[PDB]
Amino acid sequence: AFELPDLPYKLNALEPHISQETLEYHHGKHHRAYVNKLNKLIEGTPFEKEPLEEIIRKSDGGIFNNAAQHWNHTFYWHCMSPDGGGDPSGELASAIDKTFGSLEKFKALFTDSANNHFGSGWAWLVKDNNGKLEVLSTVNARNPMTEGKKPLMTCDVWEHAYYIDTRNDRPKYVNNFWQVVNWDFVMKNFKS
């Protein structure tokens, strides 16, 4: 029932910050696999016709892992852009200043979250039910929406996300992520 979404940009659009080869493997093999495995697992189960978000909220095991990874990568592609980088603007910028003190403090907090996460996972900027901004990392496929928190931005820190381009140097990859970060998408997410 689920499909691999097209990338929001060309395979070479994030160069030289994220390579074409990485996008070929990361989207064309890793994400594609999650979609295919998800579809097979949920066939003939209560999750067969459920929305993706509802599968994530109610499932466990392989169904959860593939469903959550599918959502997580779909979200991740929109968090980057050839037009990305620079600073946020408007109320997102204002809210970041209020919550974290400044943009550089927030960036440092997200960078540390991403760099210090042990093993596979995701670094997140989220909004809680009270509208308060928060930085946190999750293990493997886990997604903050299972704790009632809305994702605004994510950075994949599974080793496949960067090993082709930076090998073991995850911090260099996170710096590369900042050069392509799509603030327009983050702000769109912030404003609902």
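In case it trips you up, residue 1 is the first one in the sequence shown, and so on.
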_Selected stretch [higher average CA B-factor]: 112 to 120 or 94 to 102_ = 94 to 102
*Identify the stretch, either 128 to 136 or 65 to 73, whose C-alpha atoms have the larger mean B-factor according to the entry.*
128 to 136
*Between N39, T154, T166, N143, which one tops the list for C-alpha B-factor in the PDB entry?*
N39
*According to the PDB entry, is the CA B factor of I56 in the bottom, middle or top third of its chain, that is, lowest, middle or highest?*
highest
